[PDB]
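Visitor: Here it is, the structure, as structure tokens.
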Amino acid sequence: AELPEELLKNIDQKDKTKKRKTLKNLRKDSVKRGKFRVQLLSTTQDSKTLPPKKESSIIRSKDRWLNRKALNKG
Amino acid sequence: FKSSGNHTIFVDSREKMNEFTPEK
């Protein structure tokens, strides 16, 4: 069927992790200058106040013992 | 014989550590 002429006419017209690293950088007691390393001193009175703390290896030596195969902790 | 060893220098303040200079 023949198209209406109007249709044809119309168409044509249209066409914080960053800071956490910074804190890790901040907590350094050791830096190198020249040929001589340098180490930070904490105050002696502070060390007296702090408790004696633990050794990590003694607990880990226990931990590998506590998780041993023979124990069958499972 | 010339010495070959680390020589750790000790400072109280972290700030003092930052500007530490071998000359000074």
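Residues in the structure tokens are named by chain (A, B, ... in the order shown) and by number from 1 within that chain; ligands are numbered from 1 in the order shown.
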Please return, as a list in words, all residues of chain A lying within 6 Å of chain B when only C-alpha atoms are considered.

Guide: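 Taking only C-alpha atoms into account, residues 36, 37, 38, 39, 40 and 41 of chain A sit within 6 Å of chain B.
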
Visitor: Write to file, as an mmCIF file, in the first residue's frame, the residues of the selection just made, with N, CA and C atoms.

Guide:
```
data_model
loop_
_atom_site.group_PDB
_atom_site.id
_atom_site.type_symbol
_atom_site.label_atom_id
_atom_site.label_comp_id
_atom_site.auth_asym_id
_atom_site.auth_seq_id
_atom_site.Cartn_x
_atom_site.Cartn_y
_atom_site.Cartn_z
ATOM 1 N N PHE A 36 75.302 6.033 60.039
ATOM 2 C CA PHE A 36 74.975 5.586 61.386
ATOM 3 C C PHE A 36 73.465 5.523 61.568
ATOM 4 N N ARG A 37 72.965 4.316 61.821
ATOM 5 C CA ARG A 37 71.590 4.110 62.249
ATOM 6 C C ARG A 37 71.307 4.945 63.500
ATOM 7 N N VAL A 38 70.035 5.288 63.707
ATOM 8 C CA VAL A 38 69.574 5.946 64.926
ATOM 9 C C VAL A 38 68.301 5.256 65.409
ATOM 10 N N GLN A 39 68.149 5.151 66.731
ATOM 11 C CA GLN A 39 67.038 4.444 67.360
ATOM 12 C C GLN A 39 66.383 5.339 68.409
ATOM 13 N N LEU A 40 65.051 5.298 68.481
ATOM 14 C CA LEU A 40 64.308 6.178 69.381
ATOM 15 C C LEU A 40 64.334 5.639 70.807
ATOM 16 N N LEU A 41 64.487 6.537 71.779
ATOM 17 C CA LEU A 41 64.413 6.169 73.190
ATOM 18 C C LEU A 41 63.036 6.517 73.734
#
```

Visitor: Among stretch 3-58 of chain A, which ones does DSSP assign to alpha helix (DSSP H) (computed from the backbone)? Answer as number ranges by chain.

Guide: A: 5-14, 17-26, 44-49, 56-58

Visitor: Could you save those same residues with N, CA and C atoms as an mmCIF file, in the first residue's frame?

Guide:
```cif
data_model
loop_
_atom_site.group_PDB
_atom_site.id
_atom_site.type_symbol
_atom_site.label_atom_id
_atom_site.label_comp_id
_atom_site.auth_asym_id
_atom_site.auth_seq_id
_atom_site.Cartn_x
_atom_site.Cartn_y
_atom_site.Cartn_z
ATOM 1 N N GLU A 5 1.617 10.665 1.775
ATOM 2 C CA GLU A 5 2.605 11.663 1.378
ATOM 3 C C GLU A 5 3.054 12.503 2.565
ATOM 4 N N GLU A 6 2.187 12.673 3.566
ATOM 5 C CA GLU A 6 2.552 13.460 4.738
ATOM 6 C C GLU A 6 3.713 12.822 5.491
ATOM 7 N N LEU A 7 3.699 11.494 5.631
ATOM 8 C CA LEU A 7 4.786 10.811 6.324
ATOM 9 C C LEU A 7 6.107 11.010 5.592
ATOM 10 N N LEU A 8 6.095 10.859 4.266
ATOM 11 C CA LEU A 8 7.314 11.056 3.489
ATOM 12 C C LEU A 8 7.802 12.496 3.595
ATOM 13 N N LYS A 9 6.878 13.457 3.531
ATOM 14 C CA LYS A 9 7.259 14.862 3.628
ATOM 15 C C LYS A 9 7.848 15.183 4.996
ATOM 16 N N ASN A 10 7.249 14.644 6.060
ATOM 17 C CA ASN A 10 7.737 14.922 7.407
ATOM 18 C C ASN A 10 9.146 14.377 7.608
ATOM 19 N N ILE A 11 9.407 13.165 7.119
ATOM 20 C CA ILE A 11 10.717 12.550 7.315
ATOM 21 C C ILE A 11 11.796 13.349 6.591
ATOM 22 N N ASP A 12 11.494 13.839 5.386
ATOM 23 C CA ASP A 12 12.489 14.582 4.618
ATOM 24 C C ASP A 12 12.877 15.876 5.320
ATOM 25 N N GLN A 13 11.891 16.604 5.843
ATOM 26 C CA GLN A 13 12.181 17.869 6.505
ATOM 27 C C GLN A 13 13.005 17.652 7.769
ATOM 28 N N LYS A 14 12.740 16.563 8.495
ATOM 29 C CA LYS A 14 13.497 16.284 9.711
ATOM 30 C C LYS A 14 14.924 15.854 9.391
ATOM 31 N N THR A 17 42.586 3.529 54.715
ATOM 32 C CA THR A 17 43.778 2.730 54.444
ATOM 33 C C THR A 17 45.000 3.616 54.223
ATOM 34 N N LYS A 18 44.815 4.763 53.562
ATOM 35 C CA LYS A 18 45.927 5.693 53.376
ATOM 36 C C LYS A 18 46.502 6.129 54.716
ATOM 37 N N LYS A 19 45.637 6.584 55.623
ATOM 38 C CA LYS A 19 46.082 7.026 56.940
ATOM 39 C C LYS A 19 46.608 5.867 57.780
ATOM 40 N N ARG A 20 46.038 4.670 57.617
ATOM 41 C CA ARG A 20 46.547 3.523 58.362
ATOM 42 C C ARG A 20 48.009 3.262 58.020
ATOM 43 N N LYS A 21 48.368 3.385 56.740
ATOM 44 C CA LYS A 21 49.774 3.318 56.363
ATOM 45 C C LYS A 21 50.560 4.457 56.999
ATOM 46 N N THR A 22 49.967 5.654 57.047
ATOM 47 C CA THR A 22 50.639 6.787 57.677
ATOM 48 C C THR A 22 50.910 6.512 59.150
ATOM 49 N N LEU A 23 49.929 5.948 59.859
ATOM 50 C CA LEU A 23 50.151 5.585 61.256
ATOM 51 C C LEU A 23 51.236 4.523 61.375
ATOM 52 N N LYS A 24 51.233 3.542 60.470
ATOM 53 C CA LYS A 24 52.296 2.542 60.468
ATOM 54 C C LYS A 24 53.651 3.195 60.232
ATOM 55 N N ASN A 25 53.715 4.154 59.307
ATOM 56 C CA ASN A 25 54.940 4.925 59.131
ATOM 57 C C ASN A 25 55.259 5.731 60.382
ATOM 58 N N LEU A 26 54.226 6.237 61.061
ATOM 59 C CA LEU A 26 54.449 7.055 62.247
ATOM 60 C C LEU A 26 55.117 6.250 63.355
ATOM 61 N N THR A 44 62.350 6.294 80.417
ATOM 62 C CA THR A 44 62.628 5.197 81.340
ATOM 63 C C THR A 44 61.484 5.007 82.328
ATOM 64 N N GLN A 45 60.921 6.109 82.828
ATOM 65 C CA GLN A 45 59.827 6.007 83.787
ATOM 66 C C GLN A 45 58.628 5.297 83.175
ATOM 67 N N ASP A 46 58.381 5.517 81.882
ATOM 68 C CA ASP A 46 57.281 4.832 81.214
ATOM 69 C C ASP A 46 57.498 3.323 81.203
ATOM 70 N N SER A 47 58.722 2.881 80.899
ATOM 71 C CA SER A 47 58.997 1.448 80.845
ATOM 72 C C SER A 47 58.772 0.795 82.203
ATOM 73 N N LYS A 48 59.123 1.497 83.282
ATOM 74 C CA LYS A 48 58.836 0.992 84.620
ATOM 75 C C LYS A 48 57.339 0.798 84.821
ATOM 76 N N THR A 49 56.530 1.731 84.315
ATOM 77 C CA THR A 49 55.086 1.649 84.515
ATOM 78 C C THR A 49 54.468 0.509 83.710
ATOM 79 N N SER A 56 56.433 -13.734 72.666
ATOM 80 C CA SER A 56 55.542 -14.299 71.655
ATOM 81 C C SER A 56 55.899 -15.749 71.347
ATOM 82 N N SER A 57 57.193 -16.075 71.342
ATOM 83 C CA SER A 57 57.618 -17.414 70.942
ATOM 84 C C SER A 57 57.130 -18.475 71.922
ATOM 85 N N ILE A 58 57.167 -18.176 73.223
ATOM 86 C CA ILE A 58 56.753 -19.159 74.222
ATOM 87 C C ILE A 58 55.286 -19.527 74.025
#
```

Visitor: Run DSSP on the backbone and tell me which residues of chain A come out as strand (DSSP E or B); list them as a PyMOL selection string.

Guide: chain A and resi 30-33+36-40
